[PDB]
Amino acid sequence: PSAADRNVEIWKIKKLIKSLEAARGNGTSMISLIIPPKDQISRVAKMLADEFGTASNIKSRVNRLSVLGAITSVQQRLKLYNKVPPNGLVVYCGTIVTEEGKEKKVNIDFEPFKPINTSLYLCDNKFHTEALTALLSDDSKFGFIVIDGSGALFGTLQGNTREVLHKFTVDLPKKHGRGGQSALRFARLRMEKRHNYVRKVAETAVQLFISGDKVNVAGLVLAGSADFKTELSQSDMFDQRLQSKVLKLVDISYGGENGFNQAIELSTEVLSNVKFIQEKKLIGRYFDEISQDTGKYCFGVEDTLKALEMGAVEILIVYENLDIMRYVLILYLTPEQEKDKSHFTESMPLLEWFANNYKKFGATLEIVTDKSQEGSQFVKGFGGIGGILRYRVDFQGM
């Protein structure tokens, strides 16, 4: 588990989906192999073997060598895996026409984060990625609890997908009567049935939102009126992890189902901007180092790599674009790269590098955008690559 680390993974997918769809060679030489979890490898290995045997007959050298090579190619990757890992196995192999009309051979095998029963096996002119872009259906789901004086409600907002889950009700000690009983005796029974609501509710929500020893949602908004909910967050009969991710405390007029929409209308933004929020927060904290004397910061390629290479800098912050290429067929040059590169002595874009191997530096990679003042200044003003260090470091000249 681990968000932020989870979002680096999505980045790579989109990057891969991009290059994959940009390709298209010359006939049945494109293999898209997706293998669902638990399904069996040898089942696949045989089908491959079969396909190979059948292709062996083709007899049109060019067309025969084409199909054979593809199949060979994927078999050769498949042999590396001892069995489908969890989430499964995606595999792309084949020969494509690249720049200069030369041939390029693609070899991709790897485990994602869940493409079940997609079980795919196609040989075409193009790679088939619909399976990958689907992983890109990651809409954060939020939890709603809308209290009231006449009844509670629990539902979810996810994208534009509204969902009313459960809805019970209470009829607290309302009536007063004409002298027929004491005041205290009333207030008593009063701050008694509430507590027996402040519960049943705070209880019919843990038996809901937190399904499987973890909250099956990422936000949780408590909406109602007059502390009928503020006596629910800082409470004892509710909390436990759930009090931990209460995002908004929204005041509506008239609740239950009607106030659900009012809750949802109001909660959009913080919920439709969650990434930009944490993203602006992150970069802000960064700007903060730069501003105090504590100064545990770093930026620019040179010193970041330098700081990265040495000890442990807490979070590496990099812009999603980053006109900077890293070769060593090790340099780090922008598209200034059209100069006296005195020949060879793995041309990967720098961010592409940072992703595959940052897990081994001190952790946490944060790709950010310029869709804010914070990210625009992080880029326009500090080359969009810096880091939040864990102890001051001295950089000197150049």
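The numbering used is simple: start at 1 and walk along the sequence shown.
In the deposited sequence, the stretch from residue 345 to residue 346 hides 10 or more residues that have no coordinates. Gap check for residue 329 to residue 330: 4 to 9 deposited residues are absent from the model. Across the two stretches, 134 to 142 and 314 to 322, the PDB entry reports the greater mean Cα temperature factor for 134 to 142.
Here the stretch with the larger average CA B-factor, out of 95 to 103 and 169 to 177, is 169 to 177. Across 291, 244, 267, 273, the entry's maximum B-factor at the CA atom is seen for 244.
The PDB entry gives the largest Cα B-factor of the residues 128, 248, 214, 281 to 214. In this PDB entry, residue 119 carries a Cα temperature factor that places it within the middle third of its chain's modelled residues. Residue 192: CA B factor in the highest third of modelled residues in this chain (values from the PDB entry).
Among all modelled residues in its chain, residue 370 ranks in the lowest third by Cα B-factor. Annotation for residue 257: CA B-factor lies in the middle third of the chain's modelled residues. Split the chain's modelled residues into thirds by C-alpha temperature factor. Residue 43 is in the middle one.
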